Amino acid sequence: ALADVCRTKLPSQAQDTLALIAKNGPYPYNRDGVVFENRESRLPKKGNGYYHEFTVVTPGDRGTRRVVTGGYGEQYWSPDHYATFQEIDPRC
Ligand SMILES: OC[C@H]1O[C@@H](O)[C@H](O)[C@@H](O)[C@@H]1O
């Protein structure tokens, strides 16, 4: 019971990040690709190192917008530094 969001409906910058992830970078930030530990269990509970985070650029500081990836290619959107998540639907 996480909400879905269509990939094509995400901010352009979020879609940019999904494209860089698919290309394995090079990434704009040093912390791109760091483990996300899911300490609040907002994403499905998995083993250590399952999730990683990547910055979604904000025009005008690094900012709060992120994509989180899972180990089998799951993709999640969070505009607010992991306060909230939506599962990215790659089909729309
Ligand atoms: O992620 C840590 C740092 O990565 C660097 O590549 C960026 O230039 C910084 O703006 C960023 O804060």
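Could you tell me which residue of the stretch 23-56 is surrounded by the fewest Cβ atoms within 10 Å (Cβ to Cβ), considering only residues that are of a type in the set (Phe, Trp, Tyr) and over 19 Å from residue 72 (Cα atoms)?
Step by step, filter the stretch 23-56, then rank; the result is 29.
Mind listing just one residue for me: the one in the stretch 1-17 that is hydroxyl-bearing (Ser, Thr, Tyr) and surrounded by 10 or more Cβ atoms within 10 Å (Cβ to Cβ) and, of those, farthest from the ligand (Cβ to nearest atom)?
The qualifying residue farthest from the ligand (Cβ to nearest atom) is 8.
I'd like the residue in the stretch 33-67 that is among the aromatic types (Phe, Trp, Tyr) and touching a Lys or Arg at 6+ places or on another chain (Cβ under 9 Å) and, out of all such residues, is nearest to residue 11 (Cα to Cα).
Result: 54.
If I go through the stretch 57-83 residue by residue, how many of them are within 13 Å of the ligand (Cβ to nearest atom) and buried (at least 19 other Cβ atoms within 10 Å of the Cβ)?
Here the count works out to 1.
Filter the stretch 20-70 down to residues that are aliphatic (A, V, I, L, M) and in a loop (DSSP other than H, G, I, E, B) and give me whichever is nearest to residue 83 (Cα to Cα).
So, considering only residues that are aliphatic (A, V, I, L, M) and in a loop (DSSP other than H, G, I, E, B), the one nearest to residue 83 (Cα to Cα) is 43.
Being surrounded by 12 or more Cβ atoms within 10 Å (Cβ to Cβ) and within 16 Å of the ligand (Cβ to nearest atom): is that true of residue 20 here?
Yes: the conditions hold for residue 20.
Which of the residues belonging to the stretch 45-84 are closer than 17 Å to residue 20 by Cβ, out of contact with any helix residue (DSSP H, G or I) (no Cβ under 9 Å at 6 or more places or on another chain) and of a type in the set (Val, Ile, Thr)?
Once the filter is applied, which keeps residues that are closer than 17 Å to residue 20 by Cβ, out of contact with any helix residue (DSSP H, G or I) (no Cβ under 9 Å at 6 or more places or on another chain) and of a type in the set (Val, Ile, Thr), the stretch 45-84 yields only 68.
Since every read-out is calculated from the coordinates, none of them should be taken as a lab result. When we count neighbours, we look across all protein chains shown, and the Cβ atoms used for this are built from the backbone with ideal geometry, even at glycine.
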